[PDB]
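# Descriptive analysis of the structure
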Amino acid sequence: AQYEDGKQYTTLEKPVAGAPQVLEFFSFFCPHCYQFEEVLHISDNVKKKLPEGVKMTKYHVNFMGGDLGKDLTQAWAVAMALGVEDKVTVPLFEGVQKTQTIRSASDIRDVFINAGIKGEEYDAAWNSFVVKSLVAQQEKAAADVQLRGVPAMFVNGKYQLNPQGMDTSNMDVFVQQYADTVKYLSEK
């Protein structure tokens, strides 16, 4: 066929029931994730080709950057709770990987303060049990799929994108091929 298991994707031998339709994992420590977000805008271009009625989920993982990685998973939980994903994603990436000004929870917090979230509001979210189960969710979802590397995308708990198997000579072509694949997987 044109889309083959082992080529543009792989199939999980143990499928994950009740999984988000389109589930994406990343880490602010992950260099390819930085590319996926800042240069390629993968999440966005995928959304642009998805059907109607399909929900797009993105979770952070712990297994990169030790203590700060875990902190960053709680902060993404806060970001999700407050709905400020789009106002912190870029400064978080650039503070971890570009400028290297993120070294502690407190620096993570500064990014939110600078993005206009109120101190009070952030600290309350950070400590809320609405944030704890959102952290738990992020962990559960990764655990459910044997996650050992990012970036990673899963479709209907059953298919995992394989970007390694797509051409990378042209960035735009890589993205559309990536997105078209998710669409195909989506319809399968």
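What you see is numbering from 1 along each chain in written sequence order, possibly unlike the entry, with residues lacking coordinates removed. In computing side-chain values, all of the structure's heavy atoms are included and hydrogens and water are not.

Per the deposited record, determination of this structure is attributed to X-ray crystallography, with the resolution reported as 2.3040 Å.

The PDB entry annotates the chain as Thiol:disulfide interchange protein of Escherichia coli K-12. In its PDB record the entry is named "Group deposition of library data - Crystal Structure of EcDsbA after initial refinement with no ligand modelled (structure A2_2)".

### Considerations on the overall build of the chain
Secondary structure follows DSSP: runs of H or I at least 4 residues long count as helices, runs of E at least 2 residues long count as strands, and numbering of each begins at the N terminus. In terms of helices and strands, the chain carries 8 helices and 5 strands. Seen in sequence order, the chain has helices and strands lined up from the N terminus as β-β-α-α-β-α-α-α-α-α-β-β-α. Relative to the compact-globule value of 16 Å for 188 residues, the chain shows a C-alpha radius of gyration of 17 Å, a close match. With the principal axes as the frame, the chain shows a C-alpha extent of 55 × 35 × 30 Å. For the chain, the proportion of its 188 residues judged to be buried stands at 43%. Two residues form a contact once any of their heavy atoms are found within 4.5 Å. In the chain, once contacts between residues fewer than 6 apart in sequence are set aside, the share between residues at least 24 apart is 75%. Here the radius of gyration uses the C-alpha set of atoms, whereas the globule reference equals 2.2 Å times the residue count to the power 0.38. Residue exposure (1.4 Å probe, protein chains only): buried if accessible area is under 20% of the type maximum, exposed if over 50%, otherwise partly exposed.

### Here we look at the nonpolar core
Counting residues in each nonpolar core, the largest one holds 42 residues, and the members touching the most others are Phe25, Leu92, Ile108, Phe112 and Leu147. Mapped by element, the contributors of at least two residues to this core are β2 (22-26), α1 (31-39), α3 (66-82), α4 (85-98), α5 (105-114), α6 (119-127), α7 (129-144) and β4 (152-155). No other element matches α3, which puts 8 residues into this core. For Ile108, the contacting residues outside a window of four places in its chain are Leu68, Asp71, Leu72, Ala75, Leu92, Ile102 and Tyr122. Buried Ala, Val, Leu, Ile, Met, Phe, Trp, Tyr and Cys residues form a nonpolar core when they are joined through side-chain atoms within 4.5 Å. Among the nonpolar cores identified, the runner-up in size contains 18 residues, and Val22, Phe36, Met153 and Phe174 belong to it.

### Structural notes on the packing of α1 against α4
The N-to-C vectors of α1 and α4 enclose an angle of 145°; their axes lie 11 Å apart at closest approach. Here α1 runs over α4; the crossing is left-handed. In this structure, α1 contributes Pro31, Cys33, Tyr34, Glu37 and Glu38 to the contact, and α4 contributes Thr89, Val90, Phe93, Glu94, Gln97 and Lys98. When its residues are assigned to classes, the contact of α1 with α4 shows 5 nonpolar, 2 polar and 4 charged. Under this scheme, a helix contributes an axis fitted over its contacting stretch, all axes are lines through C-alpha atoms, and angles between N-to-C directions fall in the 0 to 180 degree range. Here a crossing is called left-handed whenever its near helix is offset anticlockwise from the far helix by less than a right angle, and right-handed whenever the offset is clockwise. Amino acids outside the nonpolar list (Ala, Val, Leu, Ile, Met, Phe, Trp, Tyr, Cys, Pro) and the charged list (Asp, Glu, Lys, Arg) are all regarded as polar, and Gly is one of them.

### Let's talk about the side chain of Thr57
Mapped onto the fold, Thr57 is located in strand β3 (residues 56-60). Judged by its relative accessible area of 11%, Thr57 is buried. Discounting residues that sit within four places of it in the chain, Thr57 has contacts with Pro20, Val22, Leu23 and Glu24.

### What to know about α1
Note that an α-helix has 3.6 residues per turn; residues three or four places apart therefore point the same way. Where α1 is concerned, the buried positions are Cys33, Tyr34, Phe36 and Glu37. In an axial view of α1, the angular spread of the buried residues amounts to 165°, which keeps them on one side of the axis. What points out from α1, more than 90 degrees from its buried face, is the exposed set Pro31 and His32. Buried residues in α1 make contact with β2, α2 (42-47), β3, α4 and α8 (171-187). A positive phi of about 55° marks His41, the residue just after α1. Here the arc refers to the directions that run from the helix axis out to each C-beta atom.

### With respect to the pattern of salt bridges
Here a salt bridge means any side-chain nitrogen of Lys or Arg lying within 4 Å of a carboxyl oxygen belonging to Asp or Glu. Applying the stated rule across the entire model yields 6 salt bridges. Across the pair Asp144 and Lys140 runs a salt bridge whose closest N-O atoms are separated by 2.5 Å. With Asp144 and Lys140 both in helix α7 and 4 residues apart, this pair spans about one turn of that helix. Judged by relative accessible area, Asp144 falls into the partly exposed class, the value being 35%. Here the residues in one salt-bridge network are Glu24, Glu37 and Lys58, joined through shared partners.

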